[PDB]
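Structure, as structure tokens:
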Amino acid sequence: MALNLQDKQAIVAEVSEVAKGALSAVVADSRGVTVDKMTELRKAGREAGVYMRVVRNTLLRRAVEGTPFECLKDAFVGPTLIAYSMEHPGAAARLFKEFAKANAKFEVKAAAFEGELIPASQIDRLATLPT
Amino acid sequence: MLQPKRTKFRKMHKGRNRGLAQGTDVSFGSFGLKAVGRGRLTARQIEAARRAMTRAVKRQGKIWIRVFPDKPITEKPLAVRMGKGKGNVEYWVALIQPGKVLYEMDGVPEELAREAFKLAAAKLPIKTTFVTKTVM
Amino acid sequence: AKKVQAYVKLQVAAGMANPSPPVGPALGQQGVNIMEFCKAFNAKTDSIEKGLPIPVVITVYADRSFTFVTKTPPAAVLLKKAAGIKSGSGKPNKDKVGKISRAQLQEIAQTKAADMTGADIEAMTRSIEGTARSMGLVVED
Amino acid sequence: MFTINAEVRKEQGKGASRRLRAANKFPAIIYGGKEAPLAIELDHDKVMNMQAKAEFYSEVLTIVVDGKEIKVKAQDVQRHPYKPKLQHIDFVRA
Amino acid sequence: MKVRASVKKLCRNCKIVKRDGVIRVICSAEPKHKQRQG
Amino acid sequence: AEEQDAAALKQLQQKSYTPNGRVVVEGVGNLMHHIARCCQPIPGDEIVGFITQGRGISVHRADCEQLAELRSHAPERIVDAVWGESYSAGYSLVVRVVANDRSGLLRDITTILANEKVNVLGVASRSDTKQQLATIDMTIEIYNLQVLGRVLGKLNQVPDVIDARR
RNA sequence: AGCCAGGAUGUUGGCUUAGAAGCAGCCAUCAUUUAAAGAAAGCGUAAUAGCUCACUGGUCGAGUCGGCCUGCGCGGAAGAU
Ligand SMILES: [Mg+2]
Ligand SMILES: [Mg+2]
Ligand SMILES: [Mg+2]
Ligand SMILES: [Zn+2]
Ligand SMILES: [Zn+2]
């Protein structure tokens, strides 16, 4: 991996993404597949395009380092295998339950679908969204 | 085998091999095989080295042979006594001092060149080290 | 959706019913019979076009038959009748064998969009272009 | 660009040079222009490190000697015949 | 057992080791490759 | 020694061996013609015939250097054409084969050339002093481009051969 | 460094071959979904497949990597009362 600069840039990008958004979710592909990669990514593409980065890089001093800048509650999610999915278009989109669905339909696990932050929530399969 | 096509004299004195080389830099090519060890490279040995290095490279990129075996080394046959004049020229040698670049090489990666020169070095009787085309 | 049991993409032109010389043992390696790749194979083939190789999933289960869903034919065989020249690589950079325009490539691209694993069509188009280049056809942008 | 630390030689001669070499230094000299030639020692390893780049050979280098930042280009170098070493360096003032 | 003046890692799985002051290539992947200095 | 002997034998054999629809120039067949040795077309990527003063037409293979020169000099003697009906024999392949000379490489090459259904009309041979590179040009006769390609492949397959081309 | 996963799509890139599907070889050697995944480093097949690797994210919590410098040493190093 490259030194300081690139990482910093990445962090900045992540922060920016966070700023332009609201709802998010988590996923932990402990035994996932690149075929199953093309369900979530595919979905994202369908929704609009490339913008939605899965950004699997949940270090205590990388993705957690950018957490102090925007939405401080995500620091506790840091440990273990995780991939943060930030949403841009539409306030509280359908992408939260999507992960859960994927998990259900053969993907071993999905970080126990604990979710992220809209009312500072935790592990709840919230069907109530704008539709 | 490398050998002078014509000469003034058939037989040369033994002489001595003290001093360092003049052909010290990698003049032509990019990489060089620099004789650390003092001695004399016979023509045959040189040829062998060349074969090794050319083979190694796979005729990709050019190779130079800086040393030339210009000195005729004589021998007496077996069951011959010490007088009766100086013996006949069995082979030709290049007196190598420390510093003499023996082979140069370009048109290759560095690693490949090094590998080639390892093989070449094996052939040779003298200790040899890898060198590069230095600026100035 | 289970993982690797015995699924593999391996067949020549879709019009050629029951290919014994090209595929032969490969399609009937497992318990699936040779008779399965003709009646069931040409059912979906007649709905579109013949003379083109098209891949298909061969998830061989224990219960005789297998589930299958056809995908999309390659740009390889497409770039011959549509492109012009039927040859390609060997000496691409030394001398240009053939050449395609971008518009045509783009057009070709969007028909395959069902099979492609791309977010935007532009990306797909560029991939196609790249493929063409690799094959040995300098794009006329 | 390159700041080289040099010290003026109290003793010049073959033997002195040899001694310097032994003690991880090497004799160099500065010359050029109206000024007289200035023979210095150079701490060897640092110089070697510097001269791994072609930048060193091309660009003007700052030899610091007795609190004088002498701007010199490296003019000619004596390398050791069979070792990654520097016998001696010539420096032309720029 | 090869016993050479020159012992060398002949593959990535070959491992040099000094036993009783004797350099030895020992290899899990290929028992031909195992060597000794002698 | 054995290898050398074999090579010699092969050479001898070659020597022993040595001892009109073809080219329809511009929609009119049966024109006095011949393949030029500058580059010898068989099923080549088009041909061109230079109408000579004596000996009729000389076929050159299209995009030749000599032919280009001729065109530059005077275009009116040149005539573009098809490679006729493919002459039953369709002769003339010279195959230059560069190789690293060990004791028994040339012989091997010769052997490989034989057995395959190729009429060996001539074999030019020399060892270059620039290294120990054996270089050889086999004047051979064969009925198709595909066949030629196959032959080339076969030649290549003998690992001592560095490159084999016309 | 161990340990847990992935190591995909266009794709069987084309071509050349008898076949060649990362892997007889020859030539381009791109883009895509990308956290990252070589038109593939080695094994592997009649070719597919399969198994490792590079590269990637976690796991873990301190240095580690490999030159080139020389010092001393080790092997190389078997004989006869
Ligand atoms: Mg003295
Ligand atoms: Mg013991
Ligand atoms: Mg010893
Ligand atoms: Zn081994
Ligand atoms: Zn011609």
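Convention: chains lettered A, B, ... in structure tokens order; per-chain residue numbering from 1; ligands numbered from 1 as shown.
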Ligand 1 neighbours within 12 Å using only C-alpha atoms (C1' of nucleotides) and all ligand atoms, as a PyMOL selection string: chain D and resi 13-19
Handout entry: Spatial neighbours of residue 16 in chain C, max dist 9 Å, only C-alpha atoms (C1' of nucleotides), sep filter under 6 positions, as a ChimeraX atom specification
Key = /C:38,42,50-51
Residue list for chain C near chain A as a ChimeraX atom specification, 8 Å, only C-alpha atoms:
/C:1-2,117-120
Same residues, N, CA and C atoms, saved as a tab-separated table (two decimals), in the first residue's frame:
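Saved result, result-v1.tsv, follows:
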chain	number	residue	atom	x	y	z
C	1	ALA	N	-29.05	-20.15	-4.16
C	1	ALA	CA	-28.01	-20.28	-5.23
C	1	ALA	C	-26.72	-20.91	-4.69
C	2	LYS	N	-26.54	-22.20	-4.94
C	2	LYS	CA	-25.36	-22.94	-4.49
C	2	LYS	C	-24.11	-22.60	-5.32
C	117	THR	N	-22.19	-7.09	-16.61
C	117	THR	CA	-22.13	-6.72	-15.19
C	117	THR	C	-21.55	-5.31	-15.07
C	118	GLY	N	-22.30	-4.35	-15.61
C	118	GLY	CA	-21.90	-2.94	-15.65
C	118	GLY	C	-22.99	-2.03	-15.12
C	119	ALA	N	-22.58	-0.94	-14.47
C	119	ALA	CA	-23.51	0.03	-13.90
C	119	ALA	C	-24.04	0.96	-15.00
C	120	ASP	N	-23.11	1.56	-15.74
C	120	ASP	CA	-23.42	2.47	-16.85
C	120	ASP	C	-23.06	1.81	-18.19
- Message: If the limit is 7 Å from any atom of ligand 4, counting only C-alpha atoms (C1' of nucleotides) and all ligand atoms, which residues qualify? Return them as a list in words.
- Response: residues 10, 11, 12, 13, 14, 27, 28, 29, 30, 31 and 33 of chain E
Report as a Markdown table: every residue of chain E with an atom at most 12 Å from ligand 2, its closest pair of atoms, and their distance in Å to one decimal, counting only C-alpha atoms and all ligand atoms, with rows sorted by chain and ascending residue number.
| residue | atom | partner | partner_atom_place_in_ligand_line | distance |
| --- | --- | --- | --- | --- |
| E:18 | CA | ligand 2 | 1 (Mg) | 11.8 |
| E:19 | CA | ligand 2 | 1 (Mg) | 8.1 |
| E:20 | CA | ligand 2 | 1 (Mg) | 7.0 |
| E:21 | CA | ligand 2 | 1 (Mg) | 10.4 |
| E:22 | CA | ligand 2 | 1 (Mg) | 10.1 |
(request) Kindly compile the residues surrounding ligand 3 within 12 Å, counting only C-alpha atoms (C1' of nucleotides) and all ligand atoms, and format them as an NGL selection string. (result) (:E and (5)) or (:G and (73-77))
Could you name the residues that touch range 60-71 of chain D at 7 Å or less, counting only C-alpha atoms (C1' of nucleotides), but leaving out those on the same chain fewer than 4 positions away, as a PyMOL selection string?
chain D and resi 1-8+93-94
Mind dumping the selected residues with N, CA, C and O atoms as a short mmCIF file (atom, residue, chain, number, x, y, z; two decimals), in the first residue's frame?
data_model
loop_
_atom_site.label_atom_id
_atom_site.label_comp_id
_atom_site.auth_asym_id
_atom_site.auth_seq_id
_atom_site.Cartn_x
_atom_site.Cartn_y
_atom_site.Cartn_z
N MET D 1 21.42 22.22 -4.25
CA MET D 1 20.46 21.16 -3.79
C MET D 1 21.10 20.27 -2.73
O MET D 1 20.62 20.22 -1.59
N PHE D 2 22.17 19.58 -3.10
CA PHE D 2 22.89 18.69 -2.19
C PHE D 2 23.87 19.49 -1.33
O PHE D 2 24.74 20.18 -1.86
N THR D 3 23.70 19.40 -0.01
CA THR D 3 24.59 20.06 0.95
C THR D 3 25.63 19.05 1.45
O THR D 3 25.33 18.18 2.27
N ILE D 4 26.86 19.19 0.95
CA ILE D 4 27.97 18.31 1.31
C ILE D 4 28.82 19.00 2.37
O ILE D 4 29.17 20.16 2.21
N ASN D 5 29.16 18.28 3.45
CA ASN D 5 30.04 18.82 4.49
C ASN D 5 31.50 18.43 4.24
O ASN D 5 31.83 17.25 4.21
N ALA D 6 32.35 19.45 4.06
CA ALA D 6 33.77 19.26 3.77
C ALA D 6 34.63 19.93 4.83
O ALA D 6 34.23 20.93 5.43
N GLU D 7 35.82 19.37 5.05
CA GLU D 7 36.83 19.93 5.96
C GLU D 7 38.14 20.09 5.20
O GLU D 7 38.51 19.23 4.42
N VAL D 8 38.84 21.20 5.45
CA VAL D 8 40.10 21.49 4.75
C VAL D 8 41.19 20.56 5.28
O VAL D 8 41.29 20.32 6.48
N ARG D 93 33.80 25.11 -9.52
CA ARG D 93 32.92 26.16 -8.99
C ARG D 93 32.00 26.72 -10.07
O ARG D 93 32.46 27.07 -11.16
N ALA D 94 30.70 26.80 -9.76
CA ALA D 94 29.69 27.30 -10.69
C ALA D 94 29.13 28.64 -10.21
O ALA D 94 28.83 28.81 -9.03
#
*List the neighbours of residue 15 in chain E out to 8 Å using only C-alpha atoms (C1' of nucleotides); skip same-chain residues closer than 4 positions along the sequence, and give me the result as a PyMOL selection string.*
chain E and resi 9+24-27
task: For chain C, report every residue with an atom at most 7 Å from chain G (counting only C-alpha atoms (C1' of nucleotides)), formatted as number ranges by chain.
output: C: 88-91, 117-118, 123-124, 126-128, 130-131, 134-136
Exercise for the section: Name the residues in contact with range 42-48 of chain D at a cut-off of 9 Å, using only C-alpha atoms (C1' of nucleotides), excluding same-chain residues fewer than 4 positions from it; report them as a ChimeraX atom specification. Expected result: /D:4-7,20-21,24-28,52,84-86,88-89
Grab the residues selected above and save them as a PDB file, in the first residue's frame with C-alpha atoms.
ATOM      1  CA  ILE D   4      27.974  18.306   1.306  1.00  0.00           C
ATOM      2  CA  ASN D   5      30.041  18.822   4.493  1.00  0.00           C
ATOM      3  CA  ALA D   6      33.769  19.256   3.771  1.00  0.00           C
ATOM      4  CA  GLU D   7      36.826  19.929   5.959  1.00  0.00           C
ATOM      5  CA  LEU D  20      41.669   9.448   4.995  1.00  0.00           C
ATOM      6  CA  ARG D  21      40.269   6.612   2.896  1.00  0.00           C
ATOM      7  CA  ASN D  24      35.816   6.454   6.102  1.00  0.00           C
ATOM      8  CA  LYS D  25      36.693   9.767   4.400  1.00  0.00           C
ATOM      9  CA  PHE D  26      38.215  10.604   1.021  1.00  0.00           C
ATOM     10  CA  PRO D  27      40.136  13.546  -0.426  1.00  0.00           C
ATOM     11  CA  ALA D  28      38.340  15.840  -2.858  1.00  0.00           C
ATOM     12  CA  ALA D  52      23.849   7.281  -6.644  1.00  0.00           C
ATOM     13  CA  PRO D  84      31.863   0.563  -4.500  1.00  0.00           C
ATOM     14  CA  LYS D  85      34.004   3.446  -3.289  1.00  0.00           C
ATOM     15  CA  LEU D  86      35.325   6.910  -4.113  1.00  0.00           C
ATOM     16  CA  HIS D  88      38.735  11.254  -4.969  1.00  0.00           C
ATOM     17  CA  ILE D  89      36.426  13.934  -6.429  1.00  0.00           C
TER      18      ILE D  89
END
Per-residue nearest contacts of chain D to chain B (7 Å; only C-alpha atoms) as a tab-separated table:
residue	atom	partner	partner_atom	distance
D:54	CA	B:135	CA	6.2
D:57	CA	B:135	CA	6.9
D:76	CA	B:136	CA	6.6
D:77	CA	B:136	CA	6.9
D:81	CA	B:99	CA	4.6
D:82	CA	B:99	CA	4.7
The selected residues should be written to file as a PDB file, in the first residue's frame (atoms: N, CA, C and O atoms).
ATOM      1  N   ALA D  54      21.918  10.667 -10.684  1.00  0.00           N
ATOM      2  CA  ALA D  54      22.455  11.569 -11.725  1.00  0.00           C
ATOM      3  C   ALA D  54      22.235  13.055 -11.461  1.00  0.00           C
ATOM      4  O   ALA D  54      22.913  13.903 -12.057  1.00  0.00           O
ATOM      5  N   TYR D  57      25.378  14.614 -10.202  1.00  0.00           N
ATOM      6  CA  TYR D  57      26.353  14.871 -11.260  1.00  0.00           C
ATOM      7  C   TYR D  57      25.930  16.086 -12.075  1.00  0.00           C
ATOM      8  O   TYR D  57      26.775  16.921 -12.417  1.00  0.00           O
ATOM      9  N   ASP D  76      34.832  15.626 -12.041  1.00  0.00           N
ATOM     10  CA  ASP D  76      35.403  14.319 -12.379  1.00  0.00           C
ATOM     11  C   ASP D  76      35.646  13.523 -11.102  1.00  0.00           C
ATOM     12  O   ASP D  76      36.139  14.072 -10.127  1.00  0.00           O
ATOM     13  N   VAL D  77      35.316  12.234 -11.121  1.00  0.00           N
ATOM     14  CA  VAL D  77      35.413  11.385  -9.926  1.00  0.00           C
ATOM     15  C   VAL D  77      36.325  10.190 -10.194  1.00  0.00           C
ATOM     16  O   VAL D  77      36.200   9.523 -11.222  1.00  0.00           O
ATOM     17  N   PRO D  81      38.861   0.950  -8.129  1.00  0.00           N
ATOM     18  CA  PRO D  81      38.782   0.058  -9.298  1.00  0.00           C
ATOM     19  C   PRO D  81      37.802  -1.114  -9.210  1.00  0.00           C
ATOM     20  O   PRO D  81      37.071  -1.348 -10.169  1.00  0.00           O
ATOM     21  N   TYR D  82      37.793  -1.827  -8.082  1.00  0.00           N
ATOM     22  CA  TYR D  82      36.955  -3.028  -7.899  1.00  0.00           C
ATOM     23  C   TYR D  82      36.054  -3.017  -6.648  1.00  0.00           C
ATOM     24  O   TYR D  82      35.612  -4.077  -6.196  1.00  0.00           O
TER      25      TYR D  82
END
Original post:
Hey, which residues come within 8 Å of ligand 5 if we count only C-alpha atoms (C1' of nucleotides) and all ligand atoms? Could you give them as an NGL selection string?
Top reply: :F and (36-41 or 59-62 or 64-67)
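Going from CA of residue 31 in chain B over to CA of residue 57 in chain B, you cover 12.6 Å.
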Please return as a PDB file with C-alpha atoms, in the first residue's frame: the residues of range 2-139 of chain C that backbone DSSP assigns to alpha helix (DSSP H).
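So the final result, stored in states_26.pdb, reads:
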ATOM      1  CA  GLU C  36     -30.099 -33.314 -23.247  1.00  0.00           C
ATOM      2  CA  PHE C  37     -28.002 -31.003 -25.502  1.00  0.00           C
ATOM      3  CA  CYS C  38     -30.224 -30.892 -28.621  1.00  0.00           C
ATOM      4  CA  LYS C  39     -33.973 -30.906 -27.824  1.00  0.00           C
ATOM      5  CA  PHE C  41     -30.705 -26.740 -26.236  1.00  0.00           C
ATOM      6  CA  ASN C  42     -32.372 -25.700 -29.535  1.00  0.00           C
ATOM      7  CA  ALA C  43     -35.656 -24.710 -27.790  1.00  0.00           C
ATOM      8  CA  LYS C  44     -34.269 -21.305 -26.731  1.00  0.00           C
ATOM      9  CA  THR C  45     -31.941 -21.049 -29.792  1.00  0.00           C
ATOM     10  CA  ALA C  75     -18.111 -10.004 -29.253  1.00  0.00           C
ATOM     11  CA  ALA C  76     -15.473 -12.392 -30.700  1.00  0.00           C
ATOM     12  CA  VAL C  77     -17.877 -14.096 -33.137  1.00  0.00           C
ATOM     13  CA  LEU C  78     -19.877 -10.845 -33.489  1.00  0.00           C
ATOM     14  CA  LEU C  79     -16.796  -8.986 -34.824  1.00  0.00           C
ATOM     15  CA  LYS C  80     -16.625 -10.978 -38.093  1.00  0.00           C
ATOM     16  CA  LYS C  81     -19.930 -10.558 -39.968  1.00  0.00           C
ATOM     17  CA  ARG C 102     -16.771   3.780 -32.098  1.00  0.00           C
ATOM     18  CA  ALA C 103     -20.434   4.342 -32.934  1.00  0.00           C
ATOM     19  CA  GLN C 104     -20.826   0.816 -34.289  1.00  0.00           C
ATOM     20  CA  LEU C 105     -19.168  -0.604 -31.182  1.00  0.00           C
ATOM     21  CA  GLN C 106     -21.504   1.409 -28.969  1.00  0.00           C
ATOM     22  CA  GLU C 107     -24.505   0.123 -30.906  1.00  0.00           C
ATOM     23  CA  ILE C 108     -23.277  -3.447 -30.511  1.00  0.00           C
ATOM     24  CA  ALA C 109     -22.837  -2.935 -26.778  1.00  0.00           C
ATOM     25  CA  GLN C 110     -26.382  -1.988 -25.680  1.00  0.00           C
ATOM     26  CA  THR C 111     -27.989  -5.189 -27.093  1.00  0.00           C
ATOM     27  CA  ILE C 121     -23.570   1.669 -20.589  1.00  0.00           C
ATOM     28  CA  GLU C 122     -20.562   3.900 -21.273  1.00  0.00           C
ATOM     29  CA  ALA C 123     -18.377   1.590 -19.195  1.00  0.00           C
ATOM     30  CA  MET C 124     -19.654  -1.417 -21.128  1.00  0.00           C
ATOM     31  CA  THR C 125     -18.915   0.324 -24.418  1.00  0.00           C
ATOM     32  CA  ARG C 126     -15.382   1.106 -23.348  1.00  0.00           C
ATOM     33  CA  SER C 127     -14.855  -2.502 -22.247  1.00  0.00           C
ATOM     34  CA  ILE C 128     -16.059  -3.655 -25.658  1.00  0.00           C
ATOM     35  CA  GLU C 129     -13.680  -1.232 -27.361  1.00  0.00           C
ATOM     36  CA  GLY C 130     -10.805  -2.556 -25.261  1.00  0.00           C
ATOM     37  CA  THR C 131     -11.719  -6.121 -26.200  1.00  0.00           C
ATOM     38  CA  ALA C 132     -11.798  -5.174 -29.877  1.00  0.00           C
ATOM     39  CA  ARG C 133      -8.375  -3.559 -29.569  1.00  0.00           C
ATOM     40  CA  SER C 134      -7.009  -6.687 -27.905  1.00  0.00           C
ATOM     41  CA  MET C 135      -8.424  -8.831 -30.700  1.00  0.00           C
TER      42      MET C 135
END
Got a sec: who's within 12 Å of range 119-125 of chain A, counting only C-alpha atoms (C1' of nucleotides), leaving out chain neighbours fewer than 2 positions off, as an MDAnalysis selection string?
chainID A and resid 22:26 71:74 76:77 92 94 96:101 110:117 127:129
Would you export the selected residues with N, CA and C atoms as a CSV table (one decimal), in the first residue's frame, please?
chain,number,residue,atom,x,y,z
A,22,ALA,N,-27.2,10.3,4.1
A,22,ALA,CA,-28.0,10.1,5.4
A,22,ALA,C,-28.0,8.7,5.9
A,23,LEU,N,-28.8,7.8,5.2
A,23,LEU,CA,-29.0,6.4,5.7
A,23,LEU,C,-27.8,5.6,5.2
A,24,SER,N,-27.4,4.6,6.0
A,24,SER,CA,-26.4,3.6,5.7
A,24,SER,C,-26.6,2.3,6.3
A,25,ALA,N,-25.8,1.3,5.9
A,25,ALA,CA,-25.9,-0.1,6.4
A,25,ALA,C,-24.5,-0.7,6.5
A,26,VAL,N,-24.4,-1.9,7.0
A,26,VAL,CA,-23.1,-2.7,7.1
A,26,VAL,C,-23.2,-4.1,6.5
A,71,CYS,N,-20.9,12.4,12.1
A,71,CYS,CA,-21.6,11.3,12.8
A,71,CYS,C,-20.7,10.4,13.7
A,72,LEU,N,-20.6,10.8,14.9
A,72,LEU,CA,-19.6,10.2,15.9
A,72,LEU,C,-20.0,8.8,16.4
A,73,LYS,N,-21.3,8.4,16.3
A,73,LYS,CA,-21.7,7.1,16.8
A,73,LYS,C,-21.2,5.9,16.1
A,74,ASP,N,-20.7,6.1,14.8
A,74,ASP,CA,-20.2,4.9,14.0
A,74,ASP,C,-18.8,4.4,14.5
A,76,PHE,N,-18.1,2.9,17.3
A,76,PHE,CA,-18.2,1.6,17.9
A,76,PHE,C,-18.4,0.4,17.0
A,77,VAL,N,-18.8,0.7,15.7
A,77,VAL,CA,-18.9,-0.3,14.7
A,77,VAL,C,-17.5,-0.8,14.2
A,92,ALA,N,-33.4,8.2,3.1
A,92,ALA,CA,-33.7,6.9,3.6
A,92,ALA,C,-34.2,6.0,2.5
A,94,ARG,N,-34.0,2.3,0.0
A,94,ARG,CA,-34.3,0.9,0.3
A,94,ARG,C,-33.0,0.0,0.5
A,96,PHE,N,-30.9,-0.4,2.9
A,96,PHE,CA,-30.7,-1.0,4.3
A,96,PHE,C,-31.1,-2.5,4.4
A,97,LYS,N,-32.4,-2.8,4.0
A,97,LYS,CA,-32.9,-4.1,4.0
A,97,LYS,C,-32.4,-5.0,2.9
A,98,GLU,N,-31.8,-4.4,1.9
A,98,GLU,CA,-31.3,-5.2,0.7
A,98,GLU,C,-30.2,-6.1,1.2
A,99,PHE,N,-29.3,-5.6,2.0
A,99,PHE,CA,-28.2,-6.4,2.6
A,99,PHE,C,-28.7,-7.6,3.3
A,100,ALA,N,-29.7,-7.3,4.1
A,100,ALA,CA,-30.4,-8.4,5.0
A,100,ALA,C,-30.9,-9.5,4.1
A,101,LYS,N,-31.6,-9.0,3.0
A,101,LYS,CA,-32.2,-9.9,2.0
A,101,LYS,C,-31.2,-10.8,1.4
A,110,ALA,N,-23.8,-11.3,7.5
A,110,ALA,CA,-23.8,-9.9,7.0
A,110,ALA,C,-23.6,-8.9,8.2
A,111,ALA,N,-22.6,-9.2,9.0
A,111,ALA,CA,-22.3,-8.3,10.2
A,111,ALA,C,-23.4,-8.3,11.2
A,112,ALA,N,-24.2,-9.3,11.3
A,112,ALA,CA,-25.4,-9.4,12.1
A,112,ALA,C,-26.4,-8.2,11.9
A,113,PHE,N,-26.4,-7.7,10.6
A,113,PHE,CA,-27.2,-6.5,10.2
A,113,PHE,C,-27.6,-5.5,11.3
A,114,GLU,N,-26.6,-4.9,12.0
A,114,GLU,CA,-26.8,-4.0,13.1
A,114,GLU,C,-27.2,-2.6,12.6
A,115,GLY,N,-27.0,-2.3,11.3
A,115,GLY,CA,-27.3,-1.0,10.7
A,115,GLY,C,-26.4,0.1,11.1
A,116,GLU,N,-26.7,1.4,10.7
A,116,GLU,CA,-25.9,2.6,11.0
A,116,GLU,C,-26.7,3.6,11.7
A,117,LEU,N,-27.0,4.8,11.1
A,117,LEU,CA,-27.5,5.9,11.8
A,117,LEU,C,-28.6,6.8,11.0
A,127,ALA,N,-38.8,-2.2,8.4
A,127,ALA,CA,-39.5,-2.2,7.1
A,127,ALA,C,-40.1,-0.8,6.8
A,128,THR,N,-40.4,0.0,7.8
A,128,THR,CA,-41.0,1.3,7.6
A,128,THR,C,-40.0,2.3,7.0
A,129,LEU,N,-40.1,2.5,5.7
A,129,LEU,CA,-39.3,3.5,5.0
A,129,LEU,C,-40.1,4.2,3.9
* To do: List every residue of range 50-132 of chain F that DSSP, applied to the backbone of this structure, places in strand (DSSP E or B), and write the result as a ChimeraX atom specification.
  => /F:50-51,57-59,78-81,93-100,119-128
Hey, can you spit out that residue selection with N, CA and C atoms as a tab-separated table (two decimals), in the first residue's frame?
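Once everything was written out, this is selection_39.tsv:
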chain	number	residue	atom	x	y	z
F	50	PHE	N	5.43	-7.14	-63.13
F	50	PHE	CA	6.18	-6.16	-63.91
F	50	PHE	C	6.39	-6.72	-65.31
F	51	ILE	N	5.79	-6.09	-66.31
F	51	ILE	CA	5.95	-6.53	-67.71
F	51	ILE	C	7.37	-6.21	-68.17
F	57	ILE	N	6.56	-11.49	-67.93
F	57	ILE	CA	6.18	-10.81	-66.68
F	57	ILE	C	6.92	-11.42	-65.49
F	58	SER	N	7.29	-10.57	-64.54
F	58	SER	CA	7.86	-11.01	-63.27
F	58	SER	C	6.91	-10.67	-62.12
F	59	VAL	N	6.34	-11.70	-61.50
F	59	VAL	CA	5.41	-11.53	-60.38
F	59	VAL	C	6.23	-11.21	-59.13
F	78	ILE	N	3.80	-2.11	-64.92
F	78	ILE	CA	3.20	-2.86	-63.81
F	78	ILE	C	1.74	-3.19	-64.10
F	79	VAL	N	1.32	-4.40	-63.72
F	79	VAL	CA	-0.07	-4.84	-63.84
F	79	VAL	C	-0.50	-5.62	-62.59
F	80	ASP	N	-1.51	-5.10	-61.90
F	80	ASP	CA	-2.17	-5.83	-60.79
F	80	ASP	C	-2.98	-7.01	-61.31
F	81	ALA	N	-3.13	-8.04	-60.47
F	81	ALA	CA	-3.71	-9.31	-60.89
F	81	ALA	C	-4.21	-10.16	-59.72
F	93	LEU	N	8.97	-21.69	-52.13
F	93	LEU	CA	9.10	-21.13	-50.79
F	93	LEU	C	10.58	-21.21	-50.42
F	94	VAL	N	11.21	-20.06	-50.15
F	94	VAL	CA	12.53	-20.03	-49.53
F	94	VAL	C	12.29	-19.77	-48.06
F	95	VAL	N	12.78	-20.66	-47.19
F	95	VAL	CA	12.59	-20.54	-45.73
F	95	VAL	C	13.92	-20.36	-44.97
F	96	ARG	N	14.15	-19.14	-44.51
F	96	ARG	CA	15.33	-18.78	-43.74
F	96	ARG	C	15.12	-19.25	-42.30
F	97	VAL	N	16.04	-20.08	-41.80
F	97	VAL	CA	15.94	-20.66	-40.45
F	97	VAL	C	17.20	-20.33	-39.64
F	98	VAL	N	17.07	-19.39	-38.70
F	98	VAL	CA	18.18	-19.00	-37.82
F	98	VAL	C	18.20	-19.93	-36.61
F	99	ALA	N	19.38	-20.44	-36.26
F	99	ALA	CA	19.51	-21.37	-35.14
F	99	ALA	C	20.87	-21.29	-34.44
F	100	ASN	N	20.90	-21.71	-33.17
F	100	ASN	CA	22.13	-21.74	-32.39
F	100	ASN	C	22.90	-23.03	-32.66
F	119	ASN	N	8.97	-30.85	-51.34
F	119	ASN	CA	10.00	-31.09	-52.35
F	119	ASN	C	11.16	-30.11	-52.16
F	120	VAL	N	12.27	-30.62	-51.63
F	120	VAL	CA	13.43	-29.80	-51.29
F	120	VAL	C	14.26	-29.57	-52.56
F	121	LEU	N	14.08	-28.41	-53.19
F	121	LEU	CA	14.79	-28.06	-54.43
F	121	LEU	C	16.23	-27.59	-54.19
F	122	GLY	N	16.47	-26.92	-53.06
F	122	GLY	CA	17.81	-26.45	-52.70
F	122	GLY	C	17.96	-26.18	-51.21
F	123	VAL	N	19.20	-26.18	-50.73
F	123	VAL	CA	19.51	-25.90	-49.33
F	123	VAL	C	20.81	-25.10	-49.28
F	124	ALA	N	20.69	-23.79	-49.06
F	124	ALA	CA	21.85	-22.92	-48.81
F	124	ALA	C	22.14	-22.92	-47.31
F	125	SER	N	23.42	-23.01	-46.95
F	125	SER	CA	23.83	-23.22	-45.55
F	125	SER	C	25.14	-22.53	-45.18
F	126	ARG	N	25.14	-21.86	-44.02
F	126	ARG	CA	26.37	-21.31	-43.43
F	126	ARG	C	26.25	-21.04	-41.92
F	127	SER	N	27.40	-21.08	-41.26
F	127	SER	CA	27.53	-20.74	-39.84
F	127	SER	C	28.13	-19.34	-39.74
F	128	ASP	N	27.39	-18.41	-39.14
F	128	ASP	CA	27.80	-17.01	-39.05
F	128	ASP	C	28.87	-16.84	-37.96
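Coordinates place CA of residue 6 in chain E at a distance of 28.9 Å from CA of residue 93 in chain B.
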